[PDB]
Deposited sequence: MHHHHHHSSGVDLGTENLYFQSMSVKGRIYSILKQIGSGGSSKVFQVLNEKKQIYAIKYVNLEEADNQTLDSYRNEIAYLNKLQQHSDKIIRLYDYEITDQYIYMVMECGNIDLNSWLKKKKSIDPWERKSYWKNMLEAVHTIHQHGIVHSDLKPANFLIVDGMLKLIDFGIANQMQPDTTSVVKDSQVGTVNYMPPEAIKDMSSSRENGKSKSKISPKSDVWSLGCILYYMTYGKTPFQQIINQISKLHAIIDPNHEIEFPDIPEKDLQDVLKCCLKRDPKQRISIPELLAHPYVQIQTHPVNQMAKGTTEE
């Protein structure tokens, strides 16, 4: 019977979701048996840059809560020199586990999910945050609504969602998140990411950078959706569509 106290409130552990990185995620219940998700971070072996990365992520998460409901609720938090305890809202499943399980993907639910992501990523952009590591795992379904859980600020990993400008910078702008968001919608449309096919990562990273490598957009009934994908997957960030432009796109506005 494991428990935890956060700002003088007792939470009984229902079960553990995530682990590793010195961070554990738990489904918990308060005194009134209400569900919440608690993120625990151990700071015992964490360096100054890491601590400040964790302090920056919490500050933004807490500020940005008032600006969108597509951003995970942070109810409370405890921060000492030894740990972080984050009392957040509980979701049913993250988008990665959801997409992996689902065979069919309803065009209406795909559209609703797209709108949700755009609003969340748009909010963070307005406060000068560029995630730069967006993947389905960064989104949580919380009662048929997608919510952004991470801001890329704090510390198996895919390379399929990486923008060409991220590789070239060896340059990151809001446009980098548009590429990654485009890969999520490409996956929700074609059941794969634009460069999933390539096994050799050195060849895969070269393909994303190479403009001669043609991204395949098989014809679909939703002509609008196919345009969104072609606009997001433009290799030149200057020629790539912006998030305010995507919110004005027929695919999000016309039903």
property: Regions of the deposited sequence not represented in the model; result: 1 to 19, 175 to 188, 204 to 214, 300 to 313
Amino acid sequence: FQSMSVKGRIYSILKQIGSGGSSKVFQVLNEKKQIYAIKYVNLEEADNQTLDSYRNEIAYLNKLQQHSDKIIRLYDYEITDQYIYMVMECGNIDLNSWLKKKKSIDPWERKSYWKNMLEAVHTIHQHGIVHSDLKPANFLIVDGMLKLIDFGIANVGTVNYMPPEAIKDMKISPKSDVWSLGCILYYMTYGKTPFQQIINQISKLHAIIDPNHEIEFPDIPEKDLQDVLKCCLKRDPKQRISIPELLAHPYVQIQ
From here on, numbers count along this sequence of modelled residues.
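By rigid core we mean the largest C-alpha set that fits within 1.5 Å across both forms.
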{"property": "Stretch departing more from the displayed form, 20 to 28 or 240 to 248, Cα RMS in 8 other deposited structures of this protein (core fit)", "result": "20 to 28"}
{"property": "Higher-deviation segment by CA RMS in 8 other deposited structures of this protein, core fitted, 227 to 235 or 11 to 19", "result": "11 to 19"}
{"property": "Coordinates absent for residue 156 in a third or more of other entries", "result": "yes"}
{"property": "Residue 171 unmodelled in at least a third of other compared entries", "result": "yes"}
{"property": "Of 186 to 194 and 58 to 66, the stretch whose C-alpha atoms average the higher B-factor in the entry", "result": "186 to 194"}
{"property": "Which of 95 to 103 and 127 to 135 has higher mean CA B factor, as the PDB entry lists it", "result": "95 to 103"}
{"property": "Selection by C-alpha B-factor (highest) of 119, 76, 169, 89", "result": "169"}
{"property": "80, 158, 180, 173, ranked by C-alpha B-factor: the highest one", "result": "158"}
{"property": "Ranked against its chain, the third holding the CA B-factor of residue 39", "result": "lowest"}
{"property": "Third of the chain's Cα B-factor distribution that residue 239 belongs to, per the entry", "result": "middle"}
{"property": "Residue 228, C-alpha B-factor rank within chain (lowest, middle or highest third)", "result": "middle"}
{"property": "Third assignment of residue 30 from its chain's C-alpha B-factors", "result": "middle"}
